[PDB]
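Worksheet: the structure to be examined is printed underneath.
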Amino acid sequence: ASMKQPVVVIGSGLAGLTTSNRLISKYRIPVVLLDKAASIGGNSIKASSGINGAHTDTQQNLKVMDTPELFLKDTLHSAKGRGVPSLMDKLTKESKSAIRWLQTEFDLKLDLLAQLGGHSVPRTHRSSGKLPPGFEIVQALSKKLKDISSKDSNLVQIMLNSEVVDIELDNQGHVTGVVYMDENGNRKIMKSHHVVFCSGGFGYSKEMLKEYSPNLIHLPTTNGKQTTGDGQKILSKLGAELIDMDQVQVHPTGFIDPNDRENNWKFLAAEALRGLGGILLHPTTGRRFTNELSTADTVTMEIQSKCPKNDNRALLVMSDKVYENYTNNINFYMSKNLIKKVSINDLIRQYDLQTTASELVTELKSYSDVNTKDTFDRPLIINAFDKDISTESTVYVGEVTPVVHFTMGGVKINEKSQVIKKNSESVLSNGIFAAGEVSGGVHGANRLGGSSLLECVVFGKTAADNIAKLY
Ligand SMILES: Cc1cc2nc3c(=O)[nH]c(=O)nc-3n(C[C@H](O)[C@H](O)[C@H](O)COP(=O)(O)OP(=O)(O)OC[C@H]3O[C@@H](n4cnc5c(N)ncnc54)[C@H](O)[C@@H]3O)c2cc1C
């Protein structure tokens with residue numbers, strides 16, 4: 001492409017980083033990357049479990065059989081008759097290419113798997129090594145932009161502390177600029193004909209929860225304070241359709257910090273902790289009470305009903321075998337005092353359980369006996385407890401509680417990632433796209449673990465590819 005006005009990408013999470021890289025590297029289309037925060041990555045950089053992909057090289061290497069058809073099956077079942085099926089088809093059918101794109105263009109290994117709740121096979125990818133997936137992916141894609149900027153600063157500029165407040169359109173009805181407030185609070189205009197909203201969800205905003213799902217306003221959240229639904233409100237005022245805004249995902253296992261128990265913000269206890277073998281104990285009786293590997297809305301519903309109405313939490317318990325397959329993450333969690341290594345005798349007393357140590361041993365040995373039917377029908381039991389566990393054996397334990405986590409609703413988009421005008425099938429504007437958590441319809445009533453990072457790559461690349469046909 002010959003250089004014209006920049007494409008403005010709003011948000012430096014995975015959606016924005018994907019859009020930016022695809023635009024610069026494949027077509028030489030110049031980018032200005034705005035973010036209202038003081039650092040890159042949003043909630044993407046916090047991602048812990050990984051990114052989904054169906055029929056990958058990694059699944060081939062590990063001899064798991066998976067297809068775009070099966071992924072779509074699990075996705076449709078999780079959505080519960082909400083959402084937009086061609087978006088669910090597109091997400092699962094492009095998942096192979098998304099994984100391969102990260103592998104070949106950035107040398108991200110993504111060589112390990114985990115099976116999360118509501119998945120029929122393991123398909124959530126992470127790389128071996130010391131870096132969790134959200135940080136490793138964001139670091140790689142953002143470093144490439146800085147490398148490119150360093151050789152040609154007019155090809156990409158990253159402008160942090162820049163809050164978009166509106167899009168200016170001409171008499172009818174095309175993009176001419178993006179209005180933003182700079183670091184000093186001064187109103188600025190970036191002239192452009194193309195904008196991609198990659199600005200994230202709205203889970204942090206109590207004001208918007210009160211409007212779209214008021215029952216959740218007292219819950220704590222995993223979301224960064226920047227997660228305030230800005231893009232959703234801007235595009236709605238400009239005439240865009242919003243969909244599924246009342247579908248808010250409450251994640252069942254946010255960590256309780258024992259020295260900060262009532263912080264509205266929680267570290268997340270990754271769903272990979274359960275898929276890789278973790279179980280949940282009731283915090284008074286000390287017994288298992290639910291299928292830990294169901295979808296997030298179901299686990300949350302089980303905790304909120306079966307655990308105490310006041311003090312609504314649970315103990316996430318993980319074996320040594322879990323630890324050996326998730327070592328660096330659990331070491332991190334322990335560094336924040338969120339997970340403790342404790343003998344079973346001491347487990348009973350520090351958590352004031354009703355079960356005896358010998359009784360808990362008997363339960364754990366039964367749980368780990370794959371030849372006995374699981375009480376709660378758990379579909380995958382791996383990395384369980386040693387057949388000769390005793391009351392002096394050690395386990396890893398944290399306290400967890402449900403948290404507002406992800407907003408399935410957002411602005412209506414199509415398969416080209418273009419924003420849909422209210423009450424229409426026509427795009428709101430030739431030059432307005434959206435990608436990632438800011439958009440609605442991809443997940444319906446519940447998002448499967450691992451699918452939002454995936455959504456960012458799939459629809460970030462798509463917006464970039466379709467802008468190139470219009471630049
Ligand atoms: C702790 C945590 C762990 C997670 N782990 C996983 C996982 O393992 N697998 C998975 O699939 N999903 C995971 N998720 C969900 C997923 O990471 C997020 O949905 C993902 O970050 C969405 O990417 P995004 O690019 O749309 O938004 P974000 O990553 O949130 O980026 C949005 C950016 O837009 C910026 N912004 C907001 N408003 C403006 C504005 N007006 N102007 C300019 N910039 C603005 C924000 O500051 C932010 O940086 C996790 C989420 C959290 C909170």
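Atoms considered below: every heavy atom in the structure, side chains included; atoms not considered: hydrogens, waters and symmetry mates. Read the numbers this way: they start at 1 and go in the same order the structure lists the ligands and their atoms. Along the sequence shown, residues are numbered consecutively beginning with 1.
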Original post:
What are the atoms of ligand 1, with element, lying closer than 4.0 Å to any heavy atom of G41?
Top reply: 29 (O)
Original post:
Does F459 have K90 sitting over its ring (NZ/CZ under 6.0 Å from centre, angle to axis within 45°)?
Top reply: yes
**OP:** Mark up the atoms of ligand 1 that fall under 4.0 Å of a heavy atom belonging to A47, in ascending order.
**Re:** 3 (C), 4 (C), 5 (N), 6 (C), 7 (C), 8 (O)
Original post:
Looking only at heavy atoms, is any part of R126 under 4.0 Å from ligand 1, and if so is it the side chain, the backbone, or both, or is it neither?
Top reply: neither
Original post:
Where is the nearest protein heavy atom to atom 27 (O) of ligand 1: which residue, which atom, and how far?
Top reply: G200 CA, 3.5 Å
Original post:
Are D465 and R22 within salt-bridge range, i.e. N to O under 4.0 Å?
Top reply: yes
Original post:
In ligand 1, which numbered atoms sit nearer than 4.0 Å to a non-hydrogen atom of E163?
Top reply: 41 (N), 42 (N)
Original post:
Numbering the atoms of ligand 1 from 1, which are under 4.0 Å from a heavy atom of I10?
Top reply: 42 (N), 43 (C), 44 (N)
Original post:
In terms of ring plane angle, is the pair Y323 and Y396 parallel, tilted or perpendicular, where the classes change at 30° and 60°?
Top reply: parallel
Subject >> Shortest protein heavy-atom distance from atom 22 (C) of ligand 1, along with the residue and atom involved >> reply: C456 SG, 3.7 Å
Subject >> Close approach of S451 to ligand 1, heavy atoms, under 4.0 angstrom >> reply: yes
Subject >> Proximal candidate to atom 51 (C) of ligand 1 [heavy atom criterion; set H405, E455, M181, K46] >> reply: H405
Subject >> Donor on one side chain, acceptor on other, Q249 and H443, under 3.5 Å >> reply: no
**OP:** Compute the shortest N/O to N/O distance between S44 and ligand 1 and return yes if it is under 3.5 Å, no if not.
**Re:** yes
Subject >> Closest protein heavy atom (residue, atom, distance) for atom 42 (N) of ligand 1 >> reply: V164 N, 3.0 Å
Original post:
Going by distance only, is there an N or O of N223 that falls short of 3.5 Å from an N or O of ligand 1?
Top reply: no
Subject >> Carboxylate-amine/guanidinium proximity below 4.0 Å for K336 and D260 >> reply: no
Original post:
When you look at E105 and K144, which way does the salt bridge (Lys or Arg N to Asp or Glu O under 4.0 Å) test go after all the steps?
Top reply: CA-CA 10 Å; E105 306 314 301; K144 183 66 160 310; over 6 Å; no
Original post:
Going by the angle between their ring planes, with limits at 30° and 60°, are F202 and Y212 parallel, tilted or perpendicular?
Top reply: tilted
Original post:
Using 30° and 60° as the class limits, which term best fits the ring planes of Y471 and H194: parallel, tilted or perpendicular?
Top reply: tilted
Original post:
If you count the atoms of ligand 1 from 1 in the order shown, which ones are under 4.0 Å from a heavy atom of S162?
Top reply: 42 (N), 43 (C)
Subject >> Shortest protein contact, atom 8 (O) of ligand 1 (heavy atom only) >> reply: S49 N, 2.8 Å
Original post:
Hey, looking at atom 49 (O) of ligand 1, which of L160, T18, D35 has the closest heavy atom?
Top reply: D35
Original post:
Can you tell me which residue and heavy atom of the protein come closest to atom 10 (C) of ligand 1, and the distance to 0.1 Å?
Top reply: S452 OG, 3.4 Å
Original post:
Is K206 atom NZ crowded by more than 12 heavy atoms from other residues, nucleotides or ligands, each under 6.0 Å away?
Top reply: yes
Original post:
So, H125 and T56: side-chain donor and acceptor under 3.5 Å apart, yes or no?
Top reply: yes
**OP:** List every atom of ligand 1 that sits less than 4.0 Å from any heavy atom of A15, numbering the atoms from 1 in the order shown and giving each element.
**Re:** 25 (O)
**OP:** Tell me which part of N43 gets within contact of ligand 1: side chain, backbone, both or neither, using heavy atoms under 4.0 Å.
**Re:** both
Subject >> Protein heavy atom at shortest distance from atom 53 (C) of ligand 1 >> reply: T222 OG1, 3.5 Å
Subject >> Numbered atoms and elements of ligand 1 in range of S48, under 4.0 angstrom, heavy atoms >> reply: 5 (N), 8 (O)
Original post:
For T176, which of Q5, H193, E168 qualifies under side chain to side chain donor-acceptor pair (under 3.5 Å)?
Top reply: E168
Subject >> Contacting atoms of ligand 1, where contact means under 4.0 angstrom from a heavy atom of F406 >> reply: 19 (O)
**OP:** Would you kindly say whether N446 and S78 are connected by a side-chain donor-acceptor distance under 3.5 Å?
**Re:** yes
Original post:
Is the closest side-chain donor-acceptor distance between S205 and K233 under 3.5 Å?
Top reply: no
Original post:
Counting heavy atoms only, which part of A270 comes closer than 4.0 Å to ligand 1: side chain, backbone, both or neither?
Top reply: neither
**OP:** Determine whether the side chains of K461 and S97 contain a donor N or O and an acceptor N or O closer than 3.5 Å.
**Re:** yes
Original post:
At what distance is the nearest protein heavy atom to atom 36 (N) of ligand 1, and which residue and atom is it?
Top reply: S199 O, 3.9 Å
**OP:** Using a strict 4.0 Å threshold on nitrogen-to-oxygen distance, state whether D74 and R123 make a salt bridge.
**Re:** yes
Original post:
Which protein non-hydrogen atom lies closest to atom 9 (N) of ligand 1, naming both residue and atom, and how far is it?
Top reply: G50 O, 2.7 Å
Original post:
Would you say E271 touches ligand 1, if touching means a heavy atom closer than 4.0 Å?
Top reply: no
Original post:
Does the N or O separation between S12 and ligand 1 drop below 3.5 Å for any pair?
Top reply: no
